[PDB]
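# Coordinate inspection notes
For reference, the chains in residue letters:
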Amino acid sequence: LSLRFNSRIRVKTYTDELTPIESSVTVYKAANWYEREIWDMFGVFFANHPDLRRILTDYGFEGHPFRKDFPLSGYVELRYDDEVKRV
Amino acid sequence: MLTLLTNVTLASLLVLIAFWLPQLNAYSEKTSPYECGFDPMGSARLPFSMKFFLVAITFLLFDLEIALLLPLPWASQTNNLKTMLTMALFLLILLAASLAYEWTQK
Amino acid sequence: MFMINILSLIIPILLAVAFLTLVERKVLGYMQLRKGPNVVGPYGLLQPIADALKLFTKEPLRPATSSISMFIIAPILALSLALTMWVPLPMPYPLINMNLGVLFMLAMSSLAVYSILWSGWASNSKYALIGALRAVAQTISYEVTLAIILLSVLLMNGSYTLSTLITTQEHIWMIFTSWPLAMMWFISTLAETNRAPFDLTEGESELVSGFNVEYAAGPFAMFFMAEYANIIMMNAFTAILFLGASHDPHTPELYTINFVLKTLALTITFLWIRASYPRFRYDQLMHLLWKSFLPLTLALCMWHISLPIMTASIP
Amino acid sequence: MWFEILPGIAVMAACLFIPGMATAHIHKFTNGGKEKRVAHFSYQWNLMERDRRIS
Amino acid sequence: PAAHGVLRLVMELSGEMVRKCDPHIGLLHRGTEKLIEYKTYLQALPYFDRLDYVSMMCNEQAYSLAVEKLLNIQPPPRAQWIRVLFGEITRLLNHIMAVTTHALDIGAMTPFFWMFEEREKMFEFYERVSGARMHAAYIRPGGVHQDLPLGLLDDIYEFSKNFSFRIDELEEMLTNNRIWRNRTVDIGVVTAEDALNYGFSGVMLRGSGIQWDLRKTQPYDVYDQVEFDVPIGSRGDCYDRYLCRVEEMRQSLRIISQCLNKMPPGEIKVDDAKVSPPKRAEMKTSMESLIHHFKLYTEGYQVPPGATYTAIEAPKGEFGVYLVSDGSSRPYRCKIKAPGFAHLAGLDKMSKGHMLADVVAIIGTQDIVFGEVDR
Amino acid sequence: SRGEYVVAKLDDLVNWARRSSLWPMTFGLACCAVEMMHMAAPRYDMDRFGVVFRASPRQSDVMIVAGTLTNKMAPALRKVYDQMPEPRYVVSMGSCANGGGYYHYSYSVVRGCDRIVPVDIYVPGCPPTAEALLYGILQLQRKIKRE
Amino acid sequence: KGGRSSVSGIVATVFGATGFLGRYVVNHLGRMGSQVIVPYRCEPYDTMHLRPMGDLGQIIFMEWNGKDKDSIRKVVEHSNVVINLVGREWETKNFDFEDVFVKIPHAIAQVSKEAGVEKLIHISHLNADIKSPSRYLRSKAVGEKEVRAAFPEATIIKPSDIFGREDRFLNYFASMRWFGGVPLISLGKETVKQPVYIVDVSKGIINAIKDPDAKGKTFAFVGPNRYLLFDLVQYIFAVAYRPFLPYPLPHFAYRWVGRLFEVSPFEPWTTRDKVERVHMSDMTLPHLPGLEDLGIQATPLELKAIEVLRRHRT
Amino acid sequence: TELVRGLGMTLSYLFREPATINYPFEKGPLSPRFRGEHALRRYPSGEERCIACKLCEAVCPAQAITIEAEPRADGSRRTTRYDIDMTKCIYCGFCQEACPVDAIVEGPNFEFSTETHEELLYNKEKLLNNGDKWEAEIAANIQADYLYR
Ligand SMILES: NC(=O)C1=CN([C@@H]2O[C@H](COP(=O)(O)OP(=O)(O)OC[C@H]3O[C@@H](n4cnc5c(N)ncnc54)[C@H](OP(=O)(O)O)[C@@H]3O)[C@@H](O)[C@H]2O)C=CC1
Ligand code: SF4
Ligand code: SF4
Ligand code: SF4
């Protein structure tokens, strides 16, 4: 978004499952959270990013969601189990 | 001493009827310390601060001062107030003075 | 039969803290438009005992991490001193004629908060330790100014004995003489008792029920109860000390009939404070004191030292 | 409405009312209407010292 | 209680100062966008109420715009007047909730109860027109659902005339209450440019004095035809943001007047039956009506393939919908901008070295709602 | 003066006691937090029924579970449930956590609230109207009274 | 796949699961997703935590009484298998100590006959073999022999005290610290015992329903090592870290103690019956069908006592 | 000054009449359009309305509904096990809109909180019983509302 000329544009790219595209945090400033987002919602990696790590998930969990494949019901579930007294 | 004893025995009575009454099942993890859900990262250690003693000590040295202020009501009836009155003011000035010195040395 | 007199001092007051709780939810309710407790009463009246029964009936766990001895001894001390401070209080006739019981009121009040320190120390929890610590900060920070202004208002009654403080108020009331000190006494009672704007010990949203957390059923009831003991008690104290009344010895009861009004008139006000102001935060809480209250307490103090000489009006 | 607070508050008063009465009359009950006697100083106690023996 | 039920702000505090707050969102990531993809457009709409749930209408409006652009279709004007009207009542809802609970976090307690009476009277309106007290799936991609009942507008009038005393009395308990001032007046300032780098939105911008505002800037509805004063802040401290909240409440209260005074008769759903389901009296007595009814609910409408980013002035900030029709009746991807997300990202910069209570207040000036953050 | 008579009396006394002033703590996780608050809003005022929201489970008993649950969140929930004093209860609320409700099919939800804690009364809704909630808790008292 | 949603043919009826048994067995049923009909005698409240274990319609509490005949006809009425558990150690008044081990298993057995119940199963302590000390070994021997006489094809559990952290046993001697010392009749080899444990026993029971061969055979469940009682308690306070005081004692006085502590109206910490539970060692007979015959191998106590007793730790 | 001002303000709110309604004994205002418990309902003839066009299944976002129609012996279309589960239903009222014969209806009743999860999962018969309990009431709402539809 540009302010004084109040108008919006939308650049965009493409990426391999494995090629590490660089992080864009420095250029737009408020993109630190997003790098982490897309990293944990996808495989894609951003280079020169200070700290990719999981958000919007459980801890382990592993497989990225939003991979267009990957079942919405996922591969797992928690439940509390009295014999071990733990979820 | 009698009222002290009746008060303390009263309270202790409330304690004993507080524990030896519900008569139910304590067990582990129920008895684990509270930490807003998730378990503690470590037992309580060292919340260190100079900003504690830097003032709290000043508390202690004012409290010693007020300890000297207490005789005043009785001292007021002394036969020779002009001999007294300066001092009655004097300590207060220093009390203030002490504070003043702290006030502005940050 | 002095013992039955003591018992006669201790039962009615506990009843008073219970119904104090209920009044608290009531008035503090109507400030909020919403009615307070009501359905169980008929006028709510039966509530507090149902409440206390709900507590004591409920299981009071002994925490695994806590050392147990301190953890138990603290509540005991809380109710202990909360009640013990009541003894030398002229209504009109003190249960005890201490030569200097005011100073004793300060003594009890000063050992009070120490129980808070243990309450948060043995509780072992992070919130317990942090909240307890800041608690002790605000408390002491207010006891110094507390005791000084109480001194300055006591230079003129004559002496530390309490009954005389009636005699010295056979007309004008102390308050017209030195109200600003009455303000600072009021607020210092508003913080020492750990109340509305000076809210930190409970912490509440700031620290999820503060020091008091790990205590479960009964001990919690004890800290809660003792807290209200101190609130009504400093209120009564202010009442006798800044608001005099007519006293015919032949009909002492008349005086008491007046006195409970004049003190209740104070306690309600705390509640009507509670409904009104956001809490200070631990910086400003101590800022206004050390920076702002205190110097006036001193200047007023020298002033009150100096009136009796200039006015030749020594008590 | 707000007047309905009163049953809650009056119960307070009476409770607090009790000690103030209960002590003041017990004194008269024990002292025979003499309305107790303070003894802040050694001398006044000396008057209660001279007393009791005199009766 | 200050963590709003779903925050885990672990932090390495010193003696009592914070050294760095470390937010961990996702504690309520219900997983929305994956679900949306499997459900047709009309069946996706409720998720949006389930988003910024305090501000339930404006989200719906954001979506219905987001589709109408793809669908190239324009609501009959009356519908636009409702859409703005409830857009504004909702503006008041979020501001009430924001200023209030932000006060409750710092212990004011009372103003809360004084206001939720009113807020309940507003839910009487969602109650009345939508049939639900909240989460009123009422705004439609085609315009609006059922028409609103005749007995309503005077009722809104009677309330709106008297609300101002209430907001005013609130302001008497707060704005002068210098205790409240001292607690929130030097925190937590953000540089006006530095806001822009982090992409702060709505009030978090105006607090630092920058002029920008989407209703004046890139108006989307009858905002062309309403007149109201945007309240710029100055210092960028929580206090200015607060005054912005209040003043924007008053201004919305100005909008309600104008919308009440120019509320044209006409239809409310779009005529295009291919997108808007037929009225019941009609579908039960003519063939095409029943068929388009049937297909609108079975398969649902198709959208031309395409992509877009709409954004509107949701009370917390601009609310942003990026979606891509594949041409099928199930939208392919529907990334949802959450204004709160950026804010909460900017928080730790905004809150270094501040006292631990102040970080609690400053979470509140961020007026964040985690349901929106976790999407 | 049968012992059973006295037992009936004490039964009435403690069960009436506990049922007369229960003290909810609340996971107002999702969006059914707000409806909870309208129970405590003046117009319905939960407090007149004696119930009062007090934080910190150790000082509270019954637990409301408003709003959608999620995976990462669950263990904290089990923690809090364990740290409550007996006689603890809970209350599932809304279509939220009765069983995932709207979000029944996602990787992060944990279906019902039932699958981590032993729920008492259910209060179906989405959100339940605060009043339907009120009927909920009164029903809870009419269940304690049978204890 | 076996799982929480999985069906299985089981329709077990587990009396008295309210105690240390059989929340574990109901669990391992529950991970299978197998239906259960646990019926409560007590109060709903204590039963409440049983609820999660199931999957919506699975677990089904039913009101019953062990004394009414038809009351037990209720919960068996569609059960494919029924599994008795009932047994209070310290003799309640209204349930005289005998019927608990006699009548109830009896009605269970013959009703198991009439309802054509596919399998019946029952528990009795290894020392149930008749002995002058303790009326429980004998009364349980009587109901053992009775159900065997009434439902002969029933397999019968013989577990010499399962080991669990909650356990009413290990926790008990852990809690003997509270009085001061630990009452040993004469220390050392005065008696010697073994523990089956909670999970191993549970897995074994359900495996026993999983075993076609486990018909009328009387299964018995024994700990891997023959721990001496003195060194055992030594290990107890070795893990509880509490001070350890052996407390040698003439045998009669301990029974004077048990008679002293049976007095309490509630649930006494100790009883003369338990006093006879104390000093009598388990028999070492292995030839009976048992735990390993099921194919399950016992989990050693040595790695598992810690979790069991950490709550006692200072 | 302002302190005592605000304090005087809450004094002023003490004297206003309390807003609380006396629930249960009084109950809050609602609307004809309000949504609550579901209930299939009959023709005045006494015949049931539902005809298993099954699109109630096809439009519910939570997909709470499950239907399994089989022919009547008469040969009329009917359900065999219409069912629904309040555990997943979100009370959005799409079903209320969707039905061509206006069979299922989102009933005015809003209170049916219950002890056990298995009760939530309504069977067809349950819905009919709800339709029997309330029919004058529901027909009243729809009578008061349909013109706006
Ligand atoms: N280590 C061990 O504990 C060993 C145990 N065993 C045997 O296996 C069985 C399982 O042991 P465990 O579960 O720990 O014992 P518990 O006491 O824990 O289980 C017995 C349960 O059955 C209930 N019950 C039984 N009969 C009645 C009745 N007539 N009225 C009311 N309630 C009744 C009890 O009370 P309620 O349900 O009413 O609360 C209790 O809940 C026991 O019978 C025991 O003899 C064998 C070897 C070792
Ligand atoms: S109930 Fe309605 S609001 Fe509460 S979570 Fe489920 S959907 Fe969101
Ligand atoms: S619409 Fe109503 S009636 Fe027609 S099928 Fe779906 S449910 Fe049965
Ligand atoms: S209630 Fe709303 S959500 Fe549940 S089925 Fe009927 S329409 Fe679909």
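Residues numbered from 1 in each chain as written, not as in the entry; some residues may be left out. Chains lettered and ligands numbered in written order. Part of a larger assembly, values for the part shown. Heavy atoms only, no water. Residues with missing side-chain atoms left out of burial classes, pairs and counts.

cryo-EM is the method the PDB entry states for this structure, with the resolution given as 5.4 Å.

### Remarks on the overall build of chain D
Put simply, the rule is: Helix and strand labels come from DSSP, where a helix needs a run of H or I of at least four residues and a strand needs a run of E of at least two; each type is numbered from the N terminus. Computation of the radius of gyration draws on C-alpha atoms alone. For the globule rule, the value is 2.2 Å times the number of residues to the power 0.38.
Secondary structure summary: chain D contains 2 helices and 0 strands in total. Relative to the globule expectation of 10 Å for 55 residues, the C-alpha radius of gyration of chain D, 19 Å, shows a markedly less compact shape. Along the three orthogonal principal directions, the C-alpha set of chain D runs to about 65 × 20 × 10 Å.

### Some words on the side chain of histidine 145 of chain E
Rules: Here a residue-residue contact requires only that any non-hydrogen atoms of the pair lie within 4.5 Å.
Of note, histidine 145 of chain E is situated in the loop between α5 (110-130) and α6 (152-174). With residues up to four places along the chain from it excluded, the contact list for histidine 145 of chain E reads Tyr138, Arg140, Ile268 and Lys269 of chain E together with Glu97 of chain H.

### Observations concerning the interface of chain C and chain B
Note the following rule: Just so you know the grouping, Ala, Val, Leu, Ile, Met, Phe, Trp, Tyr, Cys and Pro go in nonpolar, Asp, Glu, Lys and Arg go in charged, and all remaining residues, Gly too, go in polar.
Taken together, the 53 residues of chain C in the interface contact 52 residues of chain B. Of all the elements in the fold, those that place two or more residues in the side of chain C that touches chain B are α1 (2-30), α2 (47-57), α3 (68-84), α6 (126-154), α9 (218-242) and α11 (282-310) of chain C. Taken together, the residues of the side of chain C that touches chain B sort by class into 38 nonpolar, 9 polar and 6 charged.

### Focus on the packing of α1 of chain C against helix α10 (residues 252-274) of chain C
Each pair of packed helices can be described by the angle between their axes along with the distance between the axes. All names here are of chain C. Put simply, the rule reads: Angles run from 0 to 180 degrees between N-to-C directions of axes, and those axes are lines fitted to C-alpha atoms, restricted for helices to the stretch in contact. Oblique is the label for every angle not falling under 35 degrees (roughly parallel), over 145 degrees (roughly antiparallel), or within 65 to 115 degrees (roughly perpendicular). Left-handed is the label given to a crossing in which the near helix is rotated counterclockwise from the far helix by less than a right angle, and right-handed is the label when the rotation is clockwise.
At a minimum axis distance of 9 Å, the contact between α1 and α10 shows a crossing angle of 45°. By the angle class used here, α1 and α10 are oblique. Crossing of α1 against α10: the hand is right-handed. Where α1 abuts α10, its residues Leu20, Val23, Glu24 and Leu28 lie against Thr267, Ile268, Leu271 and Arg274. In terms of residue class, the contact of α1 with α10 is made up of 5 nonpolar, 1 polar and 2 charged.

### Let's talk about the arrangement of the chains
By contact count, the dominant pairing among the 18 pairs of chains in contact is that of chains B and C. The two partners chain A and chain D share no contact, and the minimum distance between any of their C-alpha atoms is 47 Å. Taking C-alpha atoms only, the smallest gap left between chain D and chain E, which are not in contact, amounts to 16 Å.

### Describing the packing of α9 of chain C against α10 of chain C
All names here are of chain C. At a closest axis distance of 8 Å, the pairing of α9 and α10 adopts a crossing angle of 125°. Relative to α10, the element α9 is oriented oblique. Every pair of crossing elements has a handedness; the one defined by α9 and α10 is right-handed. Contact residues: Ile231, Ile232, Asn235, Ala236, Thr238, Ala239 and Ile240 in α9; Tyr255, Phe259, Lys262, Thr263, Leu266, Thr267 and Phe270 in α10. In the contact of α9 with α10, the residues fall into 9 nonpolar, 4 polar and 1 charged.

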